[PDB]
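Only one structure is covered here, and it is reproduced in the block below.
Quick note: residue numbers are just sequence positions, from 1.
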Amino acid sequence: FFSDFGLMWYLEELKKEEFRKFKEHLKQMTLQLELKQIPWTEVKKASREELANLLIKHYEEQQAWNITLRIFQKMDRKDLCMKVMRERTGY
Ligand SMILES: [Cl-]
């Protein structure tokens with residue numbers, strides 16, 4: 001999908017189960033590092049575009065990305081982390 005941008009495009013790099021696991025990691029971590037929480041029901045049901053917007057709405061843009069990239073590295077989606085980094089760097 002060359003139609004999509006930003007965080008949403010990355011969440012679309014995740015398959016069905018990965019996305020499902022992504023949401024479980026997100027909720028764990030937000031709890032672990034003690035941020036204001038999103039209701040687990042909202043998180044669980046969210047589409048990729050909706051979750052991307054939930055993240056940015058609750059944590060603003062930079063933190064939504066940093067949180068998302070931490071989860072990727074944790075889920076063994078290190079390719080996504082390096083991809084974003086090669087881009088943001090100019091490599
Ligand atoms: Cl899906």
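Every residue two or more places apart in sequence or in another chain that forms a salt bridge (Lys or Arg N to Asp or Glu O under 4.0 Å) with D79 is listed here: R77. In this structure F1 satisfies the side-chain contact (heavy atoms from CB on, under 4.5 Å) test together with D4, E12, sequence neighbours excluded.
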Residues 24-39, side-chain donor-acceptor partners within the protein, below 3.5 Å, at least two apart:
| residue | atom | partner | partner atom | Å |
| --- | --- | --- | --- | --- |
| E24 | OE1 | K21 | NZ | 3.1 |
| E24 | OE2 | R20 | NH1 | 3.3 |
| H25 | ND1 | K21 | O | 2.9 |
| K27 | NZ | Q37 | OE1 | 2.6 |
| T30 | OG1 | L26 | O | 2.9 |
| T30 | OG1 | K27 | O | 3.1 |
| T30 | OG1 | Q37 | OE1 | 3.1 |
| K36 | NZ | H58 | O | 2.8 |
| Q37 | NE2 | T30 | O | 3.0 |
| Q37 | NE2 | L35 | O | 2.9 |

Which atom pairs, donor and acceptor, lie under 3.5 Å between side-chain atoms of residues 84-91 and protein residues at least two apart or in another chain?
| residue | atom | partner | partner atom | Å |
| --- | --- | --- | --- | --- |
| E87 | OE1 | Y10 | OH | 3.3 |
| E87 | OE2 | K83 | NZ | 2.7 |
| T89 | OG1 | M85 | O | 2.9 |

I'd like a table of donor-acceptor pairs (distance under 3.5 Å, sequence neighbours excluded) in which one partner is a side-chain atom from residues 63-73, with atom names and distances.
| residue | atom | partner | partner atom | Å |
| --- | --- | --- | --- | --- |
| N66 | ND2 | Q62 | O | 2.8 |
| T68 | OG1 | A64 | O | 2.7 |

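Here CG of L51 is found 5.0 Å from CZ of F19. Values are rounded to the nearest 0.5 Å. From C81, atom SG reaches atom NZ of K74 across 13.0 Å, with rounding to the nearest 0.5 Å. Atom CD1 of residue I56 and atom CG of residue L7 lie 4.5 Å apart, to the nearest 0.5 angstrom. With rounding to the nearest 0.5 Å, the separation of CG in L80 from CG in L11 is 9.5 Å.
The salt bridge (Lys or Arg N to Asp or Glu O under 4.0 Å) analysis of residues 45-67, with sequence neighbours excluded, yields no pairs.
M8 and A52 get closest at one heavy-atom pair: N-CB, 3.8 Å.
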